[PDB]
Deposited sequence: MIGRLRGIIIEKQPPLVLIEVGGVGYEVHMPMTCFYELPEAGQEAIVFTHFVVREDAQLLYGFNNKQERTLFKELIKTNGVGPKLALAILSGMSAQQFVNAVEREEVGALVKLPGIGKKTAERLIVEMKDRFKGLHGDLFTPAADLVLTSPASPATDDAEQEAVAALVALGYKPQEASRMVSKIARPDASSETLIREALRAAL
(Lines of atoms letter the chains of each structure in order from A and count residues from 1; the text may use other names and numbers.)
(Lines give C-alpha, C1' and ligand atoms only; values in the text may rest on other atoms or scores of the structure.)
Protein backbone atom coordinates (compact mmCIF):
# COMPACT_ATOMS: atom_id res chain seq x y z
CA UNK A 1 0.00 0.00 0.00
CA UNK A 2 2.93 2.24 0.86
CA UNK A 3 5.08 2.27 -2.25
CA UNK A 4 7.62 4.97 -1.42
CA UNK A 5 8.79 7.10 1.50
CA UNK A 6 10.33 10.53 1.18
CA UNK A 7 11.60 12.30 4.22
CA UNK A 8 14.49 13.20 6.45
CA UNK A 9 16.87 10.44 7.53
CA UNK A 10 16.61 10.75 11.27
CA UNK A 11 18.80 7.84 12.25
CA UNK A 12 20.76 4.83 11.04
CA UNK A 13 20.93 1.45 12.82
CA UNK A 14 21.71 -1.03 10.02
CA UNK A 15 19.91 -2.68 8.59
CA UNK A 16 17.21 -0.19 9.58
CA UNK A 17 16.83 3.52 8.90
CA UNK A 18 14.43 5.89 10.63
CA UNK A 19 13.06 8.32 8.05
CA UNK A 20 10.82 11.15 9.15
CA UNK A 21 8.03 12.04 6.78
CA UNK A 22 6.16 15.00 8.12
CA UNK A 23 6.09 14.23 11.80
CA UNK A 24 5.92 10.48 11.58
CA UNK A 25 9.14 8.53 11.67
CA UNK A 26 8.95 5.20 9.81
CA UNK A 27 11.41 2.32 10.33
CA UNK A 28 12.75 0.88 7.05
CA UNK A 29 14.56 -2.41 6.66
CA UNK A 30 17.07 -2.09 3.87
CA UNK A 31 19.62 -4.55 2.40
CA UNK A 32 23.20 -3.58 3.34
CA UNK A 33 24.24 -2.95 -0.27
CA UNK A 34 21.38 -0.39 -0.49
CA UNK A 35 21.93 1.00 2.94
CA UNK A 36 25.50 1.88 1.89
CA UNK A 37 23.98 4.42 -0.55
CA UNK A 38 21.68 6.25 1.88
CA UNK A 39 22.52 9.96 2.17
CA UNK A 40 23.94 11.30 5.41
CA UNK A 41 21.56 11.62 8.37
CA UNK A 42 19.67 14.91 8.29
CA UNK A 43 19.47 14.68 4.49
CA UNK A 44 16.27 13.90 2.65
CA UNK A 45 15.84 10.43 1.26
CA UNK A 46 13.50 8.71 -1.10
CA UNK A 47 13.16 4.96 -0.75
CA UNK A 48 10.88 2.57 -2.64
CA UNK A 49 9.23 0.28 -0.19
CA UNK A 50 7.64 -3.11 -0.01
CA UNK A 51 5.02 -3.11 2.72
CA UNK A 52 4.52 -6.33 4.69
CA UNK A 53 1.39 -6.98 6.71
CA UNK A 54 1.10 -9.98 9.10
CA UNK A 55 -1.54 -10.68 11.74
CA UNK A 56 1.01 -9.98 14.46
CA UNK A 57 3.25 -7.39 12.74
CA UNK A 58 3.66 -5.02 9.79
CA UNK A 59 7.15 -3.99 8.54
CA UNK A 60 8.57 -1.81 5.77
CA UNK A 61 11.25 -2.99 3.36
CA UNK A 62 13.12 -0.33 1.42
CA UNK A 63 15.34 0.01 -1.64
CA UNK A 64 17.11 2.86 -3.39
CA UNK A 65 15.90 1.73 -6.79
CA UNK A 66 12.68 0.37 -8.21
CA UNK A 67 14.68 -2.39 -9.88
CA UNK A 68 16.13 -3.25 -6.46
CA UNK A 69 12.61 -3.41 -5.04
CA UNK A 70 11.45 -5.61 -7.94
CA UNK A 71 14.28 -8.10 -7.62
CA UNK A 72 13.47 -8.35 -3.92
CA UNK A 73 9.76 -8.86 -4.70
CA UNK A 74 10.63 -11.67 -7.07
CA UNK A 75 13.01 -13.15 -4.49
CA UNK A 76 10.30 -13.30 -1.84
CA UNK A 77 8.03 -15.13 -4.25
CA UNK A 78 10.67 -17.87 -4.52
CA UNK A 79 9.80 -20.84 -2.33
CA UNK A 80 11.56 -21.05 1.03
CA UNK A 81 12.55 -17.41 0.63
CA UNK A 82 10.95 -14.55 2.52
CA UNK A 83 11.69 -10.91 3.46
CA UNK A 84 14.53 -11.86 5.84
CA UNK A 85 16.39 -14.18 3.45
CA UNK A 86 16.10 -11.75 0.53
CA UNK A 87 17.35 -9.05 2.87
CA UNK A 88 20.33 -11.13 3.84
CA UNK A 89 20.77 -12.06 0.18
CA UNK A 90 20.95 -8.42 -0.77
CA UNK A 91 23.37 -7.63 2.08
CA UNK A 92 25.97 -10.19 1.08
CA UNK A 93 25.75 -9.34 -2.60
CA UNK A 94 24.26 -6.53 -4.69
CA UNK A 95 21.38 -6.71 -7.15
CA UNK A 96 24.11 -6.89 -9.82
CA UNK A 97 26.25 -9.44 -8.05
CA UNK A 98 23.09 -11.52 -7.79
CA UNK A 99 22.02 -11.18 -11.40
CA UNK A 100 25.59 -12.07 -12.29
CA UNK A 101 25.58 -15.10 -10.02
CA UNK A 102 22.29 -16.41 -11.35
CA UNK A 103 23.30 -15.95 -14.99
CA UNK A 104 26.77 -17.39 -14.29
CA UNK A 105 25.35 -20.09 -11.99
CA UNK A 106 27.72 -19.10 -9.19
CA UNK A 107 26.01 -21.39 -6.64
CA UNK A 108 29.03 -21.32 -4.38
CA UNK A 109 28.60 -17.69 -3.44
CA UNK A 110 24.87 -18.21 -2.76
CA UNK A 111 25.42 -21.24 -0.52
CA UNK A 112 27.78 -19.48 1.86
CA UNK A 113 24.88 -17.09 2.53
CA UNK A 114 23.42 -17.35 6.08
CA UNK A 115 20.31 -19.49 5.83
CA UNK A 116 20.72 -20.31 2.17
CA UNK A 117 22.09 -23.87 1.63
CA UNK A 118 22.24 -25.82 -2.04
CA UNK A 119 18.60 -26.44 -1.97
CA UNK A 120 17.21 -22.91 -2.10
CA UNK A 121 20.50 -21.86 -3.69
CA UNK A 122 19.63 -23.84 -6.83
CA UNK A 123 15.92 -22.88 -6.63
CA UNK A 124 17.01 -19.24 -6.89
CA UNK A 125 19.24 -19.51 -9.94
CA UNK A 126 16.51 -21.69 -11.49
CA UNK A 127 13.29 -19.73 -10.89
CA UNK A 128 15.23 -16.45 -11.41
CA UNK A 129 17.19 -17.02 -14.66
CA UNK A 130 14.41 -16.96 -17.26
CA UNK A 131 13.07 -13.68 -15.87
CA UNK A 132 16.49 -12.06 -16.10
CA UNK A 133 18.29 -11.43 -19.27
CA UNK A 134 16.48 -9.13 -21.56
CA UNK A 135 18.60 -7.41 -18.93
CA UNK A 136 21.59 -8.61 -20.95
CA UNK A 137 23.80 -8.56 -17.87
CA UNK A 138 23.07 -5.00 -16.80
CA UNK A 139 20.45 -4.48 -14.07
CA UNK A 140 19.82 -0.91 -15.18
CA UNK A 141 19.25 -1.33 -18.91
CA UNK A 142 15.88 0.47 -19.58
CA UNK A 143 12.62 -0.83 -17.98
CA UNK A 144 14.53 -3.39 -15.97
CA UNK A 145 11.58 -4.25 -13.69
CA UNK A 146 9.22 -4.62 -16.62
CA UNK A 147 11.71 -7.22 -17.76
CA UNK A 148 11.95 -8.89 -14.35
CA UNK A 149 8.31 -8.32 -13.52
CA UNK A 150 6.43 -9.15 -16.80
CA UNK A 151 13.00 -7.53 -25.00
CA UNK A 152 10.09 -6.12 -27.21
CA UNK A 153 8.64 -2.62 -26.59
CA UNK A 154 8.58 -0.99 -23.08
CA UNK A 155 4.91 -0.27 -23.60
CA UNK A 156 4.17 -3.83 -24.68
CA UNK A 157 5.79 -5.12 -21.52
CA UNK A 158 3.79 -2.82 -19.34
CA UNK A 159 0.57 -3.83 -21.16
CA UNK A 160 1.26 -7.52 -20.87
CA UNK A 161 1.88 -6.77 -17.23
CA UNK A 162 -1.51 -5.16 -16.75
CA UNK A 163 -3.39 -7.79 -18.69
CA UNK A 164 -1.91 -10.34 -16.43
CA UNK A 165 -3.03 -8.23 -13.42
CA UNK A 166 -6.50 -8.50 -14.79
CA UNK A 167 -6.54 -12.28 -15.00
CA UNK A 168 -5.22 -13.06 -18.45
CA UNK A 169 -2.65 -15.80 -18.52
CA UNK A 170 0.85 -14.68 -19.51
CA UNK A 171 0.82 -16.59 -22.81
CA UNK A 172 -2.51 -14.95 -23.52
CA UNK A 173 -1.27 -11.55 -22.43
CA UNK A 174 1.72 -11.70 -24.68
CA UNK A 175 0.03 -13.06 -27.78
CA UNK A 176 -2.79 -10.61 -27.14
CA UNK A 177 -0.49 -7.59 -27.18
CA UNK A 178 1.65 -8.55 -30.18
CA UNK A 179 -1.45 -9.37 -32.23
CA UNK A 180 -1.85 -5.59 -31.93
CA UNK A 181 1.73 -5.05 -33.16
CA UNK A 182 2.39 -1.45 -32.15
CA UNK A 183 5.46 -1.23 -29.97
CA UNK A 184 5.19 2.49 -30.42
CA UNK A 185 1.87 3.13 -28.74
CA UNK A 186 1.19 3.93 -25.13
CA UNK A 187 1.22 0.94 -22.80
CA UNK A 188 -2.28 2.23 -21.91
CA UNK A 189 -3.29 2.28 -25.61
CA UNK A 190 -2.25 -1.38 -25.99
CA UNK A 191 -3.95 -2.40 -22.80
CA UNK A 192 -6.91 -0.63 -24.36
CA UNK A 193 -6.98 -2.11 -27.90
CA UNK A 194 -6.06 -5.53 -26.58
CA UNK A 195 -8.93 -5.49 -24.19
CA UNK A 196 -11.30 -4.12 -26.79
CA UNK A 197 -10.33 -7.01 -28.94
CA UNK A 198 -10.52 -9.69 -26.29
CA UNK A 199 -14.13 -8.77 -25.60
query	finding
Sequence order list of spans that the model leaves without C-alpha positions, deposited numbering	151-154
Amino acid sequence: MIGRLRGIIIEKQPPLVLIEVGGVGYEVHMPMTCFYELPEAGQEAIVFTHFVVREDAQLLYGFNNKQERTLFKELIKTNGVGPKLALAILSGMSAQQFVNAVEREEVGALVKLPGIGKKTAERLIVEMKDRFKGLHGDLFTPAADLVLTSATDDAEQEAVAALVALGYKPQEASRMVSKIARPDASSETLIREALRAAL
From here on, numbers count along this sequence of modelled residues.
{"property": "Residue stretch of maximal mean CA temperature factor, 30-38 vs 140-148", "result": "140-148"}
{"property": "Per the entry, higher mean C-alpha B factor between 71-79 and 124-132", "result": "124-132"}
{"property": "CA B-factor placement of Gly62, once the chain's modelled residues are sorted into thirds", "result": "lowest"}
{"property": "Third of the chain's Cα B-factor distribution that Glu156 belongs to, per the entry", "result": "middle"}
{"property": "Third assignment of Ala86 from its chain's C-alpha B-factors", "result": "lowest"}
{"property": "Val53 - Cα temperature factor, lowest/middle/highest third of chain", "result": "highest"}
{"property": "For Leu166, the third of its chain into which the C-alpha B factor falls", "result": "highest"}
